[PDB]
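Structure first, commentary second.
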Amino acid sequence: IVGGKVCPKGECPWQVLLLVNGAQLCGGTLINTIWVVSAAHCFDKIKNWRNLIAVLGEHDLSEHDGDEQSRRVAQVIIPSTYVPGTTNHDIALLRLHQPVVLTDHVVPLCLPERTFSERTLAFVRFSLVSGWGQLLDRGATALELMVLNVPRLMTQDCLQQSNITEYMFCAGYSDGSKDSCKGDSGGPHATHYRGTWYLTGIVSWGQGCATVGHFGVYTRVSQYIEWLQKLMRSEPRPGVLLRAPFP
Amino acid sequence: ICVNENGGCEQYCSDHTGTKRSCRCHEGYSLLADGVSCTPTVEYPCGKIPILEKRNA
Ligand SMILES: O=C(NCc1cccc(-n2ncc(C(=O)Nc3ccc4c(c3)C(=O)N=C4)c2O)c1)Nc1ccccc1
Ligand SMILES: [Ca+2]
Ligand SMILES: [Cl-]
């Protein structure tokens with residue numbers, strides 16, 4: 001996250017850190033005690049699915065404070081329409097091997113209904129994006145979780161003010177000062193409405209974070225609510241990676 | 001009704017035939033008798049931040 005601030009410990013309790021062989025891979029969002037939403041591209045190069053770990057209740061990567069909860073990832077589900085190395089359909093649904101325990105430091109973000117998200121949440125201007133990603137373009141990643149308030153653009157305005165499909169939205173700033181960044185992909189774009197927070201976007205990727213003339217690109221979660229809900233009602237399948245038809 | 005100001009619902013809104021609307025709440029919440037408000041029914045409902053909810057309690 002470029003140009004944000006430290007998320008005070010416990011204020012982003014849905015944030016997930018994804019690790020592969022102990023190394024930071026991506027972020028994610030907890031939406032229930034066994035389900036995490038992330039970005040499909042996070043998984044393009046995984047060789048051994050057994051070494052993927054999700055961590056909830058994380059804050060300062062330098063220390064263990066006892067609020068962290070680690071889980072193996074049992075299933076990584078990607079839409080059939082996602083093509084590795086690209087932006088469109090950049091979403092993944094992750095089933096944990098065992099539920100996390102909800103606590104003051106581990107709470108799911110609400111996955112909204114599609115209508116509500118389209119009719120209401122899409123018009124809330126500012127939302128929060130978070131992660132342990134790079135603090136600057138070509139810079140070191142963060143040791144404490146960072147958060148940034150970003151404004152959402154209508155797609156016509158994004159194209160003017162700068163490919164952007166109906167499966168994405170732009171949010172952020174065109175001056176290079178404030179953006180999500182490498183190391184944040186998969187993390188939440190969370191939107192507040194009347195006292196509750198909801199998942200509206202996933203940090204995706206483009207050519208380079210914090211670039212003058214370019215906004216951050218987020219997966220438009222409202223397009224996937226039915227897809228996600230159906231998968232959460234399904235039984236697990238052998239083999240970690242599952243490609244699931246979309247729509 | 002639901003397309004305008006969320007139908008007055010705090011959370012989710014469905015239109016029905018007539019001038020009819022029903023609000024609904026996510027799992028872990030119940031709808032109050034006002035027909036619009038949602039109140040938690042569990043300790044850790046989705047989308048609430050416990051350290052901030054207890055700072056305001
Ligand atoms: O290598 C592949 N996947 C494995 C992978 C895993 C984890 C992270 C990554 N990964 N690498 C670079 C970034 C990255 O820059 N993320 C960004 C974040 C926020 C923003 C921006 C970019 C931006 O421009 N504005 C805001 C990223 O997220 C890749 N796939 C593949 C590449 C080429 C060809 C085929 C497949
Ligand atoms: Ca820690
Ligand atoms: Cl496997």
Side-chain angles (χ1 to χ4, degrees), chain A residues 13-18 26-43 49 52-57 69-82 89-103 106-118 121 167 186-191 196-204 218-247, chain B residues 11-12 14 24-30 38 40-48:
Chain A
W14 34 78
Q15 177 75 47
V16 182
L17 176 63
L18 300 175
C26 269
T29 304
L30 191 68
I31 62 167
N32 203 345
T33 62
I34 68 175
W35 294 110
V36 168
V37 180
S38 187
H41 85 255
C42 293
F43 308 98
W49 301 89
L52 293 171
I53 294 295
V55 190
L56 270 297
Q69 299 180 41
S70 299
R71 296 294 183 272
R72 300 194 292 285
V73 174
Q75 199 102 82
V76 175
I77 313 171
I78 287 184
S80 66
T81 53
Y82 171 73
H89 305 290
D90 196 7
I91 179 161
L93 177 64
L94 276 59
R95 189 185 181 112
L96 306 182
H97 181 76
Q98 177 170 262
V100 296
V101 175
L102 304 187
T103 69
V106 174
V107 175
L109 190 55
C110 302
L111 185 69
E113 294 196 347
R114 178 178 197 141
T115 49
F116 176 59
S117 190
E118 293 180 350
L121 296 177
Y167 302 101
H189 175 278
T191 297
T196 301
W197 291 89
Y198 301 89
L199 182 63
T200 44
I202 300 158
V203 177
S204 176
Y218 297 86
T219 309
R220 192 180 291 242
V221 170
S222 60
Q223 297 278 27
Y224 299 95
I225 302 305
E226 287 77 29
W227 182 87
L228 295 168
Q229 289 174 347
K230 177 180 175 163
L231 291 164
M232 294 186 285
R233 288 185 300 265
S234 77
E235 301 286 342
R237 294 179 181 271
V240 176
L241 182 69
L242 176 65
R243 297 183 56 247
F246 183 84
Chain B
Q11 299 188 353
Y12 305 138
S14 301
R24 284 173 293 93
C25 305
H26 201 100
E27 185 183 327
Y29 290 85
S30 278
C38 292
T41 57
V42 298
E43 185 172 14
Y44 297 114
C46 71
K48 287 194 189 284

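Throughout, protein chains are lettered first and strands after them, A, B, ... in sequence-line order, and every chain is numbered starting at 1.
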Parallel, tilted or perpendicular for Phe246(A) and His89(A), by the 30°/60° rule?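 Because their plane-to-plane angle lies in the 30° to 60° range, the rings of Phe246(A) and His89(A) count as tilted.
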Relative to the ring of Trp197(A), is the ring of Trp14(A) parallel (under 30°), tilted (30 to 60°) or perpendicular (over 60°)?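 The rings of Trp14(A) and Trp197(A) sit tilted, inter-plane angle from 30° to 60°.
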Closest heavy-atom pair and its distance - [X], [Y]:
X: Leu96(A); Y: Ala54(A); result: CD2-CB, 3.8 Å
X: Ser38(A); Y: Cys26(A); result: OG-CB, 4.4 Å
X: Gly47(B); Y: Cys110(A); result: N-SG, 3.6 Å
X: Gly239(A); Y: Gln75(A); result: O-NE2, 2.8 Å
X: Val203(A); Y: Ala39(A); result: O-CB, 3.8 Å
X: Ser234(A); Y: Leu231(A); result: OG-O, 2.6 Å

Euclidean distance, [Y] [atom2] relative to [X] [atom1], rounded to 0.5 Å:
X: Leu93(A); Y: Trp227(A); atom1: CG; atom2: CH2; value: 6.0 Å
X: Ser80(A); Y: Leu242(A); atom1: OG; atom2: CG; value: 10.5 Å
X: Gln223(A); Y: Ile91(A); atom1: CD; atom2: CD1; value: 10.5 Å
X: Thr29(A); Y: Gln15(A); atom1: OG1; atom2: CD; value: 6.5 Å
X: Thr81(A); Y: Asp90(A); atom1: OG1; atom2: CG; value: 11.0 Å
X: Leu199(A); Y: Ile31(A); atom1: CG; atom2: CD1; value: 7.0 Å

State, with a plain yes or no, whether a side-chain heavy atom of [X] is found less than 4.5 Å away from one of [Y].
X: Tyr29(B); Y: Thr196(A); answer: yes
X: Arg71(A); Y: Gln98(A); answer: yes
X: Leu241(A); Y: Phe43(A); answer: no
X: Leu52(A); Y: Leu94(A); answer: no
X: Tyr224(A); Y: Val37(A); answer: no

Strictly by modelled atom types, are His41(A) and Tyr82(A) linked by a side-chain donor-acceptor pair under 3.5 Å?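 On atom types as modelled, these side chains do not qualify, holding no pair under 3.5 Å.
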Please determine, by modelled atom types, if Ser222(A) and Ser117(A) share a side-chain donor-acceptor pair under 3.5 angstrom.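 No, because no side-chain N or O of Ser222(A) sits under 3.5 Å from a partner of the opposite role on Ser117(A).
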Candidate list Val107(A), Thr33(A), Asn32(A), test side chain to side chain contact (heavy atoms under 4.5 Å, CB included), partner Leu102(A), passing option: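 Exactly one option meets the side chain to side chain contact (heavy atoms under 4.5 Å, CB included) with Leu102(A), and it is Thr33(A).
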Name of the residue among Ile77(A), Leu111(A), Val100(A) meeting side chain to side chain contact (heavy atoms under 4.5 Å, CB included) with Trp35(A):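 Of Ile77(A), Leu111(A), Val100(A), side chain to side chain contact (heavy atoms under 4.5 Å, CB included) with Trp35(A) is met by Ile77(A) alone.
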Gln69(A) side chain to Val101(A) main-chain N or O, any donor-acceptor pair under 3.5 Å?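 Such a contact is found between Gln69(A) side chain and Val101(A) backbone.
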For the backbone of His26(B) and the side chain of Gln11(B), can you confirm whether one donor and one acceptor N or O come within less than 3.5 Å of each other?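 Looks like yes, one N/O pair under 3.5 Å.
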Enumerate the residue pairs fulfilling salt bridge (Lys or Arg N to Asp or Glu O under 4.0 Å) with a member in residues 107-117 of chain A, sequence neighbours excluded, ordered by first and then second residue.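 Of all non-adjacent pairs touching residues 107-117 of chain A, those that pass salt bridge (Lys or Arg N to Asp or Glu O under 4.0 Å) are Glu113(A)-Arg24(B), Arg114(A)-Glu118(A), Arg114(A)-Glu226(A).
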Carefully, step by step, assess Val73(A) and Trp49(A) under the rule side-chain contact (heavy atoms from CB on, under 4.5 Å). CA-CA 8 Å; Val73(A) 174; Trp49(A) 301 89; over 6 Å; no
Go through it in stages, so that I can follow the logic: the residues are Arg72(A) and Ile53(A), the test is side-chain contact (heavy atoms from CB on, under 4.5 Å), and I'd like the CA-CA distance, side-chain angles, deciding distance and then a yes or no. CA-CA 5 Å; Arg72(A) 300 194 292 285; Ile53(A) 294 295; 3.8 Å; yes
Step through the shown structure and confirm whether more than 12 heavy atoms of other residues, nucleotides or ligands are within 6.0 Å of CD on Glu27(B).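 Incorrect, the count does not exceed 12.
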